[PDB]
Every structure is written in structure tokens, then in C-alpha cells.
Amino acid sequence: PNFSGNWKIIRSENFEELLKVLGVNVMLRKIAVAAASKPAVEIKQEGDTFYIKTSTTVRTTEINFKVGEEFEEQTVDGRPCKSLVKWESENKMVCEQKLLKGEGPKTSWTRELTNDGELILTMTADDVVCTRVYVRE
């Protein structure tokens, strides 16, 4: 089961609502929402080892992880966090995050590969769930 590829977005819901729960300044939220409408997502997968680059004109993130092993990244609001990804099923990985400092809403994410050429990202903050769907470019 192979997440590798260059992905572009087709659907998004609750991205703005997610940033709102995390308390992102309303002006920065409006910029992020604009940027997030047109991302380029590059995934390189070798077994359980992943590289994910999410590029927009405003902000680019790169994460490196191995399913089952602790790593560090940022929350979607830009706060350093400790992360752990596990397989929920053959096609779906789930990630729990803990802030390195401070408190804030409980955040997590999932990535799922469908049988019809889609990649589904969810990102959660307390009980706001953002769902983003991508297809290969």
C-alpha cells in the first residue's frame, strides 16, 4: 500500500474552523485559508518510512517519520510537538501529538489511501475535525 506521489487538493472542510479552535489570529487565519486552497503535497514512502512535504506559496512544512517511532514536527498552528504515528489499518495511519511546551487543544491527524486514487487527511483539535481530500498530480 503506497502513499508515494505528488498530490493536489480537491475538497476541504473545517480548515478555518480548526485554526479558530487553535486561536490563530483572524488575519493569519484568512491568509492560511487562502494559501491552503492550492497546496502541493509530496510524499516519499519506503516501507514504514515517510517524507511528507506540504508546500504553499506562503508556508512549506517537511516531516520525516517512521510508523511506530516517536518524532517531532509542528502542530497545524506552528507549535513544536512530539508525534507518534501508528497503522490503524492497512490503508490508514493515525498520529497523536503532544505540545513540547504550553498547553492547547488536543491535536492529531490521520492519512488514508483509498481504492479510487484519493488521499484523505484529517486534522483534529479537540472536537473540530478538518477533512482534506487529494488526488495525484
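Each form is matched to the other, and the largest set of C-alpha atoms that superpose within 1.5 Å is called the rigid core. The numbering used is simple: start at 1 and walk along the sequence shown.
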Which is farther from the shown form in 4 other deposited structures of this protein in C-alpha RMS with the core fitted, 26-34 or 56-64?
56-64
Determine, for stretches 97-105 and 40-48, which one has the higher mean CA B-factor as deposited.
97-105
Would 108-116 or 72-80 have the larger average of its C-alpha temperature factors, as given in the entry?
72-80
Sorting by Cα B-factor within the chain, modelled residues only, which third would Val21 end up in: lowest, middle or highest?
highest
In terms of its chain's C-alpha B-factors, the third that includes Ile10 is the middle
Compared with the other modelled residues in the chain, in which third is the CA B-factor of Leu121?
lowest
Please rank the C-alpha B-factors of the chain's modelled residues and tell me whether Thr56 sits in the lowest, middle or highest third.
lowest
On the chain's distribution of Cα B-factors, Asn2 falls within the third called highest
